[PDB]
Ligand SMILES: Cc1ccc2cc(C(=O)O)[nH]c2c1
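A lone chain, given as structure tokens: the form deposited without the named molecule.
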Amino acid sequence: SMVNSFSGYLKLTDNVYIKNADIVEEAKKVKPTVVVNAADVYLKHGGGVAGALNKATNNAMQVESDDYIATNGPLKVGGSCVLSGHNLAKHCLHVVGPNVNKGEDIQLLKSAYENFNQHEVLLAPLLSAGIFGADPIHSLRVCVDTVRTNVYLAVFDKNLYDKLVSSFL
């Protein structure tokens, strides 16, 4: 593959890389073609990764998202849409992983990650992790086993990052 500016990542596989990083700061530094948001079906970017990305855009992501929903209606769990990356990236791929706290089927996590294959290179969080309630170790395994394009994963929490690395091989 071609050289890129992602720095300090651990290589997990041929195509998956991981770093302990704040995805907002990593996006601002790299300006990737695609940053992935951990979205919900209504594109209400209140907290977690989505709240942080939206805050970094000064709420422009939310304003754009509200128009998207008014025109198109809610996403599907496992689905996605491409919107602007604002000051973070060229594009933001809003991907809806299942929310385990709401009882959503974890099998939809694979469908969610399949959206990444439509983009050659992405900066992304672990889908369904954090406030969405899934096990991040499982999310990483589904990512590795589903995504074939080049994905740079940013893990907010250092302790979790170390556990994801140590349990991987």
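Numbering starts at 1 and follows the sequence shown.
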**Item:** Which of 24-32 and 58-66 has higher mean CA B factor, as the PDB entry lists it
**Value:** 24-32
**Message:** Regarding 100-108 and 129-137, which shows the higher C-alpha temperature factor on average in the entry?
**Reply:** 100-108
**Asked** Lowest, middle or highest third: where is residue 15 by Cα B-factor in its chain?
**Response** middle
**Request:** Comparing against every modelled residue in the chain, figure out the third that the C-alpha B-factor of residue 154 lands in (lowest, middle or highest).
**Result:** middle
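If you look for the form deposited with the named molecule bound, you will not find it shown, but the lines that follow are about it.
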**Asked** Taking 4.5 angstroms as the cut-off for heavy atoms, does residue 93 touch the named molecule in the deposited bound form?
**Response** no
**Request:** Decide whether residue 31 counts as a contact residue for the named molecule in the deposited bound form under a heavy atom distance cut-off of 4.5 Å.
**Result:** yes
**Request:** Residue by residue through 69-90, tell me which have a non-hydrogen atom within 4.5 angstroms of the named molecule in the deposited bound form.
**Result:** 86, 87, 88, 89, 90
